[PDB]
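Please read the structure below before turning to the comments.
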Amino acid sequence: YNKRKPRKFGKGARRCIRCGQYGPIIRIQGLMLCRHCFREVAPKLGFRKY
Amino acid sequence: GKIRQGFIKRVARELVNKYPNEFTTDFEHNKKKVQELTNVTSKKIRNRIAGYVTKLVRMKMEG
Amino acid sequence: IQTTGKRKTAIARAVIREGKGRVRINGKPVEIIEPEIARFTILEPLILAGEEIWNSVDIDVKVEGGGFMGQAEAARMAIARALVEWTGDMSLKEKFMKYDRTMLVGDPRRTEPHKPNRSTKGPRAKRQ
Amino acid sequence: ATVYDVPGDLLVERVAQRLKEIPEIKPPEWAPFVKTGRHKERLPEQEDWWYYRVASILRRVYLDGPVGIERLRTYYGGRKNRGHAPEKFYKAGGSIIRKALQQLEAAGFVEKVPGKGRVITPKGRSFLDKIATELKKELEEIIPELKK
Amino acid sequence: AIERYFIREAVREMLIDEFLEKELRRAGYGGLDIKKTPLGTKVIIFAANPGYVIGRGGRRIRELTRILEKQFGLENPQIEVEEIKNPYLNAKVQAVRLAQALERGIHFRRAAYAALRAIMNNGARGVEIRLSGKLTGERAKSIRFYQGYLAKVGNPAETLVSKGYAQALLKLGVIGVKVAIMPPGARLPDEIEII
Amino acid sequence: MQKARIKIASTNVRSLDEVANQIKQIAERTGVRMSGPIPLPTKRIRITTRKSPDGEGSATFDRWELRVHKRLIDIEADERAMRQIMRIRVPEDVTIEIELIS
RNA sequence: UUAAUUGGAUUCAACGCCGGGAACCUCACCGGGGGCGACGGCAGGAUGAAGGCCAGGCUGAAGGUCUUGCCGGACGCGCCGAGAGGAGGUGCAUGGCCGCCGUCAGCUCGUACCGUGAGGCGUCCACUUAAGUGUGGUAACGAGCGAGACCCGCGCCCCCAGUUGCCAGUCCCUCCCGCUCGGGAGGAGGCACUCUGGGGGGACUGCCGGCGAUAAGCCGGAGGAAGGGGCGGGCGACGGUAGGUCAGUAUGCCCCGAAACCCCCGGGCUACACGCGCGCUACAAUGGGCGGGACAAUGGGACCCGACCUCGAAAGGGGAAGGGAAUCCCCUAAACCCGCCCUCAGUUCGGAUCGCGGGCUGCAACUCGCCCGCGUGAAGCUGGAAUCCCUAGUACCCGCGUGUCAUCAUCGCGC
């Protein structure tokens, strides 16, 4: 009874890799990161500002 | 604001001091000579320094 | 002889050879292009070139990108460059220069990127 | 002279009136009771609207060569009003041009290249360039400059 | 999809970095590098004390060697540990060191000034240290100690100045530590040498 | 005749140039026709995200970018020539994919 | 108003904001149901399960609950210490981040000197600058951060590179017509041109004239593709705002322990006489409509794009090549015009609104989705006080791509 039901779709389906929040997750080519989480790791990923 | 930066004004004077004979009123000649006598990577800075040392050479002989 | 013309995004490739006078845009006759204002922009340079040069050479221009006004302007650009190269005369060069400086220089104008604060409406538009 | 040497609208009109003759082209029983596209709001005005479509379609085959149904649907599509919401572009319906193209295939002017669409037979090319030559000959007298 | 692959590898990489920094906090962890061969993934870890990373009889590293293969699905993680050639030139190492020092109850001014002086004595060109939070009272303050030449904006600041952020935990709360270092080997855009 | 096609993709420009130069220098040493490296379009991944972690204040946006470059090298069929390319030291950030077209 | 419409945000700097999409999930509200509470001590244990299990009743239902009796073959009821978890509170407890002062010209410092000292100078004055930008004087001499420099793209040339692109030219072949001159289509054929992208050059008050102490600098002119920070971006300092956020992570203090822990169903977060904020569509003649034509770019594409074929009027159903991307797909545009029809009227515009049928996503759209065909289809006929944005490919107008996305846009970012 304690198992969450399997949601392939909806906000519940996707959770941030880092912080686990169910809110804004960027999925452009497979990030799965919370929008807050993106800013602190983008430089590590190789992202540069221009 | 057209004002030449302080640092190019500074760097121009020691070229004229050290090798006054190696610079003329020709902009391209001075451009090559400051290109080789320095280690400037920025072409824009090279051109700025050339355009000011040209005026320095001009002022040397006008008085 | 080959010539090139760029306007905004439209790019027109022009080829000029000895011929009766047939001028084609994308392989289409000049006199039939529906937008009449664009027809006039395309017809502008060889008007001042003269009917002799018109009827001494054949021209094919193929244009891609941009819109119909941009395409017509690119063809107008390429026609003038082709004419001044074919004839190799500075008199008509100065004639076009006097009529329009962009005739042989061209417009390097480009669209600025849109910026935030209601970006959809333009670089500078903002909310109320 | 080819189709390229005449205006699109005049050649389309001429092809439509000529193709009115051929019995292969006949409106289906559902044609008068269906509008040409989802984007369109009011039904087609003229009862000739079928033939102009066919005359249009063949012309596209004269130019775009191997073309499928969806590409024509995108071409014949248009802008549609979404009420208070802003307008948006939509593709045209498929059945109308499908019936027109299948009648054309029955008429023998066009053929099918599987996996690539339908193209124009030599007979259709001769028909179209004949019409274009007549139209250009007329416009040469009206407009001398086309003799060039 | 090559695009889906490259940043997926980067995702794995800085996830490993985050987890390892969480684990190797006492080890003075410096940084990481990943190189693939058919033989496996080879991980190269720079730390201020590879002796601690090895731990005791390899008991530490072996455990880690499991997790990389387990949590992140890394095929044959071959771990190597090395020492940074100058920890005083790495902003992150000094930041973690200072945060740990503050966690030991040292007065912030003394520890910060000793660290800054040591970094300068290691050949640094510019050192800035900012401590923010509860330092000498309930009300939080921000205090900055800077020394030397240190560009702080423009591309040269981004391309040359090394930044390190850390947090120090204490009974009253958390102190945020930021450190910026200007390695001497770099040259400014306007630095022209005559000949 | 058989042709070997090498796709070299990397974010770092200089590493890509180094690997291409290495292949080129191998080419004429092996004396085999090697079509010059054609630089295909560079793909630009762009991501725009709000700066503000919360919702208060002005709305500001940050646009982060990756430029991934790609060059194509076509070489001819000589087993000695295509033997000398697994021995190349390849940097981590550069990915090479080699296929064989008839 | 509601059992509940979870909370934050208050002018500049809250109100298409956090919410960057609420049918479940999001979730923090409300109602109901169910399971626990690590690890120690007290007691028990195994004599057998703590957990599931038929047939039922309750239970929306769920061996959840109990009647019944099994397993299960292994240690876990209850009380205490203490938990785990907390989207529970406190952004005047904090870190980090972000907005605004402000891409504003500022902020400082070593020494000297002045005042008993708080402090003053440098950092001031005339001119100039976008600028603590620079020129001369100056009780100050020098330096740092900031500005600038720097980096990205666009603008023109050259070099290289070609299976991107080519009736460039090209020997040749096939087909269509031809007014027999010729033209077009496809192959064959080449790297020309474009594009493609690595390197370099091009613009520097560079020169002429003038103004300005002749300096700094300013103005006009020419050359030039390009002028004076070339154009557009990124880079926001010391500090302040106890500005917002501990409601994404971190984390102080307090509290919650069969709950403020965890799991399941439903409703709700949509409810409205109302005011306010930002947008959408119009308030028709440059109007409305049928036919036709030429026209782009950015990005995205494997539970995907899906060409192409077939059926259906459409919404869509089936099959389906090829594509993990310069090569296949989204892909084609809209605004534009021409030919013709209706012909200044709340009407043709205007469609809110409501009924029927059909299609689509999810297990589920009545609360609370979209799309399609038909029917109805109103208010709306130019808006007082007041205030908003913008200065060149910019504003307006036009559509498109994309983020969130199974479906949801009138939203944001970008073309």
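Within each chain, counting starts at residue 1; across the structure tokens, chains are named A, B, ... in the order shown, with ligands numbered 1 upward in that order.
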Exercise. Counting only C-alpha atoms (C1' of nucleotides), which residues from chain F have an atom at most 9 Å from any atom of chain G, and could you show them as JSON, numbers by chain?
Worked result: {"F": [13, 17, 35, 36, 37, 38, 39, 40, 41, 42, 47, 48, 49, 50, 51, 52, 53, 54, 55, 56, 57, 58, 59, 60, 61]}
For this session: Pick out each residue of chain C that DSSP on the backbone tags as alpha helix (DSSP H); I need them as an MDAnalysis selection string.
Result: chainID C and resid 36:49 51:54 68:87 90:99 102:105
When the cut-off is 8 Å and we count only C-alpha atoms (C1' of nucleotides), which residues of chain E are near chain G, given as a CSV table (one decimal) with C-alpha atoms, in the first residue's frame?
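Output saved as selection_0.csv:
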```csv
chain,number,residue,atom,x,y,z
E,1,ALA,CA,21.9,11.5,-30.6
E,2,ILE,CA,25.4,12.8,-29.9
E,132,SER,CA,29.1,36.2,5.3
E,133,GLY,CA,26.7,35.4,8.2
E,134,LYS,CA,26.8,35.4,12.0
E,138,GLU,CA,23.0,37.5,15.9
E,139,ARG,CA,22.9,39.9,13.1
E,140,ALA,CA,24.7,38.7,10.0
E,148,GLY,CA,47.1,42.2,-4.3
E,149,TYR,CA,45.8,42.7,-7.9
E,151,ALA,CA,40.3,41.8,-11.7
E,152,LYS,CA,36.7,41.3,-10.8
E,153,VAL,CA,34.7,41.8,-14.0
E,154,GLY,CA,35.1,41.2,-17.7
E,155,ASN,CA,36.1,38.0,-19.5
E,156,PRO,CA,39.6,38.1,-17.9
E,167,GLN,CA,29.9,26.7,4.0
E,169,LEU,CA,28.6,24.9,10.1
E,171,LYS,CA,26.0,26.1,16.6
E,172,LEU,CA,24.4,29.4,15.6
E,173,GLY,CA,24.1,28.6,11.9
E,174,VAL,CA,26.1,28.6,8.7
E,175,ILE,CA,28.8,31.0,7.5
E,176,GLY,CA,29.2,31.4,3.7
E,189,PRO,CA,44.9,42.2,-21.6
E,190,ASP,CA,46.6,45.5,-21.1
```
Using only C-alpha atoms (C1' of nucleotides), determine which residues of chain B fall within 6 Å of chain G; present them as a PDB file with N, CA, C and O atoms, in the first residue's frame.
```pdb
ATOM      1  N   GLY B   1      32.715  59.099 -26.461  1.00  0.00           N
ATOM      2  CA  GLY B   1      34.008  59.508 -25.948  1.00  0.00           C
ATOM      3  C   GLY B   1      35.161  58.916 -26.734  1.00  0.00           C
ATOM      4  O   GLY B   1      35.353  57.702 -26.753  1.00  0.00           O
ATOM      5  N   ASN B  47      46.370  48.817 -33.307  1.00  0.00           N
ATOM      6  CA  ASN B  47      46.049  49.957 -34.154  1.00  0.00           C
ATOM      7  C   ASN B  47      45.960  51.243 -33.343  1.00  0.00           C
ATOM      8  O   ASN B  47      46.381  52.305 -33.811  1.00  0.00           O
ATOM      9  N   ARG B  48      45.401  51.174 -32.135  1.00  0.00           N
ATOM     10  CA  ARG B  48      45.346  52.364 -31.289  1.00  0.00           C
ATOM     11  C   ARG B  48      46.746  52.872 -30.972  1.00  0.00           C
ATOM     12  O   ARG B  48      47.032  54.073 -31.100  1.00  0.00           O
ATOM     13  N   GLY B  51      48.272  54.459 -34.016  1.00  0.00           N
ATOM     14  CA  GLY B  51      47.698  55.754 -34.331  1.00  0.00           C
ATOM     15  C   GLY B  51      48.110  56.852 -33.379  1.00  0.00           C
ATOM     16  O   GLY B  51      48.092  58.026 -33.764  1.00  0.00           O
TER      17      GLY B  51
END
```
For this session: Could you tell me how far atom CA of residue E:113 lies from atom CA of residue E:146, in Å and to one decimal?
Result: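 The value is 9.8 Å.
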Exercise. For chain C, which residues have at least one atom within 12 Å of chain F, if we go by only C-alpha atoms? Write them as a ChimeraX atom specification, please.
Worked result: /C:115-119,126-127
For this session: Please provide the set of residues having any atom within 12 Å of residue C:8, restricted to only C-alpha atoms (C1' of nucleotides), with same-chain residues fewer than 6 positions apart removed, written as a list in words.
Result: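 Counting only the stated atoms, we get residues 64, 65, 66, 67, 68, 69, 70, 71, 72, 73, 74, 106, 107, 108, 109, 110, 111 and 112 of chain C; 154, 155, 296, 297 and 393 of chain G.
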For this session: Mind checking which residues fall within 8 Å of residue G:280, counting only C-alpha atoms (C1' of nucleotides), ignoring those fewer than 3 positions away in the same chain, and posting them as a list in words?
Result: residues 84, 85 and 86 of chain D; 410 of chain G
Exercise. Using only C-alpha atoms, which chain A residues lie at most 9 Å away from chain F, written as a ChimeraX atom specification?
Worked result: /A:28,35-36,38-39,42,46-50
Problem set entry | Who sits within 10 Å of stretch 4-6 of chain F, only C-alpha atoms (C1' of nucleotides), same chain under 4 positions skipped, as a list in words | residues 20, 23, 34, 35, 37, 71, 72, 73, 74, 75, 76, 77, 78, 82, 96, 97, 98, 99, 100, 101 and 102 of chain F
Only N, CA, C and O atoms, please: the residues just picked out, written as a PDB file, in the first residue's frame.
```pdb
ATOM      1  N   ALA F  20      42.537  16.492 -36.268  1.00  0.00           N
ATOM      2  CA  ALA F  20      42.489  16.586 -37.722  1.00  0.00           C
ATOM      3  C   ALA F  20      43.887  16.711 -38.310  1.00  0.00           C
ATOM      4  O   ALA F  20      44.201  16.078 -39.322  1.00  0.00           O
ATOM      5  N   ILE F  23      45.571  13.313 -38.241  1.00  0.00           N
ATOM      6  CA  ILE F  23      45.120  12.459 -39.337  1.00  0.00           C
ATOM      7  C   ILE F  23      45.735  12.919 -40.651  1.00  0.00           C
ATOM      8  O   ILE F  23      46.189  12.104 -41.464  1.00  0.00           O
ATOM      9  N   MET F  34      43.544  11.682 -49.289  1.00  0.00           N
ATOM     10  CA  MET F  34      42.826  12.028 -48.067  1.00  0.00           C
ATOM     11  C   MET F  34      42.155  13.372 -48.314  1.00  0.00           C
ATOM     12  O   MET F  34      42.825  14.409 -48.356  1.00  0.00           O
ATOM     13  N   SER F  35      40.841  13.337 -48.530  1.00  0.00           N
ATOM     14  CA  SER F  35      40.070  14.545 -48.796  1.00  0.00           C
ATOM     15  C   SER F  35      40.097  15.440 -47.568  1.00  0.00           C
ATOM     16  O   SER F  35      39.884  14.971 -46.446  1.00  0.00           O
ATOM     17  N   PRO F  37      39.706  18.054 -44.448  1.00  0.00           N
ATOM     18  CA  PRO F  37      38.626  18.106 -43.455  1.00  0.00           C
ATOM     19  C   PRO F  37      37.603  19.189 -43.764  1.00  0.00           C
ATOM     20  O   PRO F  37      37.922  20.382 -43.737  1.00  0.00           O
ATOM     21  N   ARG F  71      33.855  18.057 -37.824  1.00  0.00           N
ATOM     22  CA  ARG F  71      34.572  18.010 -39.089  1.00  0.00           C
ATOM     23  C   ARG F  71      34.499  16.607 -39.683  1.00  0.00           C
ATOM     24  O   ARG F  71      34.444  15.599 -38.968  1.00  0.00           O
ATOM     25  N   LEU F  72      34.484  16.566 -41.015  1.00  0.00           N
ATOM     26  CA  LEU F  72      34.374  15.340 -41.794  1.00  0.00           C
ATOM     27  C   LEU F  72      35.665  15.115 -42.565  1.00  0.00           C
ATOM     28  O   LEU F  72      36.123  16.004 -43.286  1.00  0.00           O
ATOM     29  N   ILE F  73      36.236  13.920 -42.428  1.00  0.00           N
ATOM     30  CA  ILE F  73      37.468  13.550 -43.112  1.00  0.00           C
ATOM     31  C   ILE F  73      37.221  12.260 -43.878  1.00  0.00           C
ATOM     32  O   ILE F  73      36.948  11.219 -43.275  1.00  0.00           O
ATOM     33  N   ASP F  74      37.344  12.325 -45.199  1.00  0.00           N
ATOM     34  CA  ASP F  74      37.204  11.162 -46.064  1.00  0.00           C
ATOM     35  C   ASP F  74      38.583  10.748 -46.556  1.00  0.00           C
ATOM     36  O   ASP F  74      39.354  11.590 -47.033  1.00  0.00           O
ATOM     37  N   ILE F  75      38.889   9.455 -46.430  1.00  0.00           N
ATOM     38  CA  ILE F  75      40.175   8.904 -46.833  1.00  0.00           C
ATOM     39  C   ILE F  75      39.927   7.643 -47.652  1.00  0.00           C
ATOM     40  O   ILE F  75      38.840   7.060 -47.629  1.00  0.00           O
ATOM     41  N   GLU F  76      40.953   7.237 -48.396  1.00  0.00           N
ATOM     42  CA  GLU F  76      40.838   6.115 -49.315  1.00  0.00           C
ATOM     43  C   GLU F  76      41.250   4.813 -48.626  1.00  0.00           C
ATOM     44  O   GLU F  76      41.729   4.798 -47.490  1.00  0.00           O
ATOM     45  N   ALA F  77      41.060   3.701 -49.335  1.00  0.00           N
ATOM     46  CA  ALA F  77      41.191   2.359 -48.773  1.00  0.00           C
ATOM     47  C   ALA F  77      42.634   1.889 -48.914  1.00  0.00           C
ATOM     48  O   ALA F  77      43.095   1.536 -49.997  1.00  0.00           O
ATOM     49  N   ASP F  78      43.350   1.894 -47.793  1.00  0.00           N
ATOM     50  CA  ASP F  78      44.652   1.258 -47.671  1.00  0.00           C
ATOM     51  C   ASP F  78      44.730   0.783 -46.228  1.00  0.00           C
ATOM     52  O   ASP F  78      44.685   1.599 -45.301  1.00  0.00           O
ATOM     53  N   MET F  82      44.460   3.021 -42.717  1.00  0.00           N
ATOM     54  CA  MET F  82      43.411   2.957 -41.702  1.00  0.00           C
ATOM     55  C   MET F  82      43.811   2.119 -40.496  1.00  0.00           C
ATOM     56  O   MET F  82      43.017   1.991 -39.559  1.00  0.00           O
ATOM     57  N   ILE F  96      35.282  10.411 -32.090  1.00  0.00           N
ATOM     58  CA  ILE F  96      35.516  10.037 -33.478  1.00  0.00           C
ATOM     59  C   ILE F  96      34.635   8.840 -33.792  1.00  0.00           C
ATOM     60  O   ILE F  96      34.616   7.861 -33.037  1.00  0.00           O
ATOM     61  N   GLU F  97      33.905   8.924 -34.899  1.00  0.00           N
ATOM     62  CA  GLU F  97      33.087   7.827 -35.397  1.00  0.00           C
ATOM     63  C   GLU F  97      33.488   7.561 -36.837  1.00  0.00           C
ATOM     64  O   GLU F  97      33.386   8.451 -37.686  1.00  0.00           O
ATOM     65  N   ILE F  98      33.939   6.342 -37.113  1.00  0.00           N
ATOM     66  CA  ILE F  98      34.464   5.979 -38.421  1.00  0.00           C
ATOM     67  C   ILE F  98      33.544   4.932 -39.023  1.00  0.00           C
ATOM     68  O   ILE F  98      33.260   3.907 -38.389  1.00  0.00           O
ATOM     69  N   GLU F  99      33.081   5.193 -40.239  1.00  0.00           N
ATOM     70  CA  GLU F  99      32.277   4.259 -41.007  1.00  0.00           C
ATOM     71  C   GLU F  99      32.932   4.040 -42.364  1.00  0.00           C
ATOM     72  O   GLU F  99      33.862   4.749 -42.752  1.00  0.00           O
ATOM     73  N   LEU F 100      32.440   3.035 -43.080  1.00  0.00           N
ATOM     74  CA  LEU F 100      32.994   2.631 -44.366  1.00  0.00           C
ATOM     75  C   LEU F 100      31.888   2.667 -45.411  1.00  0.00           C
ATOM     76  O   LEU F 100      30.920   1.904 -45.317  1.00  0.00           O
ATOM     77  N   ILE F 101      32.031   3.552 -46.396  1.00  0.00           N
ATOM     78  CA  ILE F 101      31.093   3.662 -47.505  1.00  0.00           C
ATOM     79  C   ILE F 101      31.757   3.065 -48.738  1.00  0.00           C
ATOM     80  O   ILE F 101      32.954   3.284 -48.980  1.00  0.00           O
ATOM     81  N   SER F 102      30.989   2.294 -49.498  1.00  0.00           N
ATOM     82  CA  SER F 102      31.473   1.695 -50.733  1.00  0.00           C
ATOM     83  C   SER F 102      31.880   2.783 -51.718  1.00  0.00           C
ATOM     84  O   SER F 102      31.399   3.913 -51.646  1.00  0.00           O
TER      85      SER F 102
END
```
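Contacts from chain E to chain B at a cut-off of 10 Å (only C-alpha atoms) map to residues 189, 190, 191, 192, 193, 194 and 195 of chain E.
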For the selection just defined, write its residues with N, CA, C and O atoms to a file, as a CSV table (one decimal), in the first residue's frame.
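Ended up saving to result_1.csv:
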```csv
chain,number,residue,atom,x,y,z
E,189,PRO,N,44.9,41.7,-20.2
E,189,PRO,CA,44.9,42.2,-21.6
E,189,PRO,C,45.8,43.4,-21.9
E,189,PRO,O,46.5,43.4,-22.9
E,190,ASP,N,45.8,44.3,-20.9
E,190,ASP,CA,46.6,45.5,-21.1
E,190,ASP,C,48.0,45.4,-20.7
E,190,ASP,O,48.8,46.4,-20.8
E,191,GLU,N,48.4,44.3,-20.1
E,191,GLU,CA,49.8,44.1,-19.7
E,191,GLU,C,50.7,43.9,-21.0
E,191,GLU,O,50.7,42.8,-21.5
E,192,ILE,N,51.4,45.0,-21.4
E,192,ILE,CA,52.3,44.9,-22.5
E,192,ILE,C,53.7,45.0,-22.0
E,192,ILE,O,54.1,45.9,-21.2
E,193,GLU,N,54.5,44.0,-22.4
E,193,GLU,CA,56.0,44.0,-22.1
E,193,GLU,C,56.7,44.5,-23.3
E,193,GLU,O,56.5,44.0,-24.5
E,194,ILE,N,57.6,45.5,-23.1
E,194,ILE,CA,58.4,46.0,-24.2
E,194,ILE,C,59.7,45.2,-24.3
E,194,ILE,O,60.0,44.3,-23.5
E,195,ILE,N,60.4,45.3,-25.4
E,195,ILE,CA,61.6,44.7,-25.7
E,195,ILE,C,62.6,45.6,-26.4
E,195,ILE,O,62.3,46.2,-27.4
```
For this session: Identify every residue of chain C that has at least one atom within 8 Å of any atom of chain D, counting only C-alpha atoms, and report the result as a count of residues only.
Result: 8
Exercise. Among chain F, which residues carry a DSSP assignment of strand (DSSP E), reported as a VMD selection string?
Worked result: chain F and resid 3 to 10 34 to 39 43 to 50 61 to 76 94 to 101
For the selection you just gave me, I'd like the residues written to a file as a compact mmCIF listing (two decimals), in the first residue's frame, keeping N, CA and C atoms.
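For reference, selection-v3.txt as written:
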```txt
# COMPACT_ATOMS: atom_id res chain seq x y z
N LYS F 3 35.78 3.91 -49.61
CA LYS F 3 36.10 5.15 -48.90
C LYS F 3 35.74 5.02 -47.43
N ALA F 4 36.61 5.54 -46.57
CA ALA F 4 36.41 5.53 -45.13
C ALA F 4 36.12 6.95 -44.67
N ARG F 5 35.01 7.11 -43.95
CA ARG F 5 34.48 8.40 -43.54
C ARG F 5 34.66 8.53 -42.03
N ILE F 6 35.28 9.63 -41.61
CA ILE F 6 35.60 9.88 -40.21
C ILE F 6 34.88 11.15 -39.79
N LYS F 7 34.00 11.03 -38.79
CA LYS F 7 33.32 12.17 -38.21
C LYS F 7 33.97 12.48 -36.87
N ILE F 8 34.41 13.72 -36.70
CA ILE F 8 35.11 14.16 -35.50
C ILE F 8 34.30 15.28 -34.89
N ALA F 9 33.75 15.04 -33.69
CA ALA F 9 32.87 15.99 -33.02
C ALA F 9 33.44 16.34 -31.66
N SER F 10 33.47 17.63 -31.35
CA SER F 10 34.04 18.07 -30.08
C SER F 10 33.63 19.50 -29.78
N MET F 34 43.54 11.68 -49.29
CA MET F 34 42.83 12.03 -48.07
C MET F 34 42.16 13.37 -48.31
N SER F 35 40.84 13.34 -48.53
CA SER F 35 40.07 14.54 -48.80
C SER F 35 40.10 15.44 -47.57
N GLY F 36 40.33 16.73 -47.79
CA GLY F 36 40.57 17.65 -46.70
C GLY F 36 39.42 17.71 -45.72
N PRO F 37 39.71 18.05 -44.45
CA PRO F 37 38.63 18.11 -43.45
C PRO F 37 37.60 19.19 -43.76
N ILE F 38 36.37 18.78 -44.06
CA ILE F 38 35.28 19.71 -44.32
C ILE F 38 34.64 20.06 -42.98
N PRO F 39 34.63 21.34 -42.56
CA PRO F 39 33.95 21.69 -41.30
C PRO F 39 32.46 21.86 -41.51
N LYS F 43 26.89 22.95 -34.20
CA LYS F 43 25.57 22.94 -33.58
C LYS F 43 25.60 23.74 -32.29
N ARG F 44 24.58 24.57 -32.10
CA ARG F 44 24.51 25.52 -31.00
C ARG F 44 23.31 25.18 -30.12
N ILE F 45 23.57 24.53 -29.00
CA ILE F 45 22.55 24.26 -27.99
C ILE F 45 22.43 25.50 -27.12
N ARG F 46 21.21 26.00 -26.97
CA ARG F 46 20.93 27.22 -26.22
C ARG F 46 19.85 26.92 -25.20
N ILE F 47 20.03 27.39 -23.97
CA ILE F 47 19.05 27.20 -22.90
C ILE F 47 18.87 28.53 -22.18
N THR F 48 17.63 29.00 -22.12
CA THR F 48 17.28 30.26 -21.47
C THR F 48 16.51 29.96 -20.20
N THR F 49 16.99 30.50 -19.07
CA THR F 49 16.38 30.23 -17.78
C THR F 49 16.34 31.50 -16.95
N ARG F 50 15.28 31.65 -16.16
CA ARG F 50 15.16 32.81 -15.29
C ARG F 50 16.27 32.80 -14.25
N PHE F 61 16.73 36.97 -17.45
CA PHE F 61 16.96 35.67 -18.08
C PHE F 61 18.43 35.49 -18.40
N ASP F 62 18.90 34.26 -18.28
CA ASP F 62 20.27 33.88 -18.57
C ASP F 62 20.27 32.83 -19.66
N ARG F 63 21.10 33.04 -20.68
CA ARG F 63 21.13 32.22 -21.89
C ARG F 63 22.48 31.52 -21.92
N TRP F 64 22.47 30.23 -21.62
CA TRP F 64 23.69 29.43 -21.63
C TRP F 64 23.80 28.66 -22.94
N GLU F 65 25.04 28.44 -23.38
CA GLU F 65 25.29 27.90 -24.71
C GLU F 65 26.36 26.82 -24.71
N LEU F 66 26.15 25.84 -25.58
CA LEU F 66 27.19 24.93 -26.05
C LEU F 66 27.33 25.04 -27.56
N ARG F 67 28.56 25.21 -28.00
CA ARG F 67 28.92 25.14 -29.41
C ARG F 67 29.70 23.85 -29.61
N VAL F 68 29.09 22.87 -30.28
CA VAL F 68 29.76 21.61 -30.58
C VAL F 68 30.12 21.61 -32.06
N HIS F 69 31.41 21.49 -32.33
CA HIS F 69 31.95 21.55 -33.68
C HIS F 69 32.10 20.14 -34.24
N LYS F 70 32.13 20.05 -35.57
CA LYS F 70 32.17 18.76 -36.23
C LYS F 70 32.86 18.91 -37.59
N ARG F 71 33.86 18.06 -37.82
CA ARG F 71 34.57 18.01 -39.09
C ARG F 71 34.50 16.61 -39.68
N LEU F 72 34.48 16.57 -41.01
CA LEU F 72 34.37 15.34 -41.79
C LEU F 72 35.66 15.11 -42.56
N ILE F 73 36.24 13.92 -42.43
CA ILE F 73 37.47 13.55 -43.11
C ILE F 73 37.22 12.26 -43.88
N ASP F 74 37.34 12.33 -45.20
CA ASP F 74 37.20 11.16 -46.06
C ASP F 74 38.58 10.75 -46.56
N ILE F 75 38.89 9.46 -46.43
CA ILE F 75 40.17 8.90 -46.83
C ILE F 75 39.93 7.64 -47.65
N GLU F 76 40.95 7.24 -48.40
CA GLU F 76 40.84 6.11 -49.31
C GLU F 76 41.25 4.81 -48.63
N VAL F 94 36.96 14.87 -27.46
CA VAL F 94 36.78 14.63 -28.88
C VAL F 94 36.24 13.22 -29.07
N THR F 95 35.20 13.09 -29.89
CA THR F 95 34.62 11.80 -30.23
C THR F 95 34.77 11.58 -31.72
N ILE F 96 35.28 10.41 -32.09
CA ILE F 96 35.52 10.04 -33.48
C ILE F 96 34.64 8.84 -33.79
N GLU F 97 33.90 8.92 -34.90
CA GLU F 97 33.09 7.83 -35.40
C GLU F 97 33.49 7.56 -36.84
N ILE F 98 33.94 6.34 -37.11
CA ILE F 98 34.46 5.98 -38.42
C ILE F 98 33.54 4.93 -39.02
N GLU F 99 33.08 5.19 -40.24
CA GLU F 99 32.28 4.26 -41.01
C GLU F 99 32.93 4.04 -42.36
N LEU F 100 32.44 3.03 -43.08
CA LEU F 100 32.99 2.63 -44.37
C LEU F 100 31.89 2.67 -45.41
N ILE F 101 32.03 3.55 -46.40
CA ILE F 101 31.09 3.66 -47.51
C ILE F 101 31.76 3.07 -48.74
```
Exercise. Skipping near chain neighbours, those fewer than 4 positions away, what residues fall within 12 Å of residue G:68 using only C-alpha atoms (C1' of nucleotides), listed as a PyMOL selection string?
Worked result: chain G and resi 54-56+63
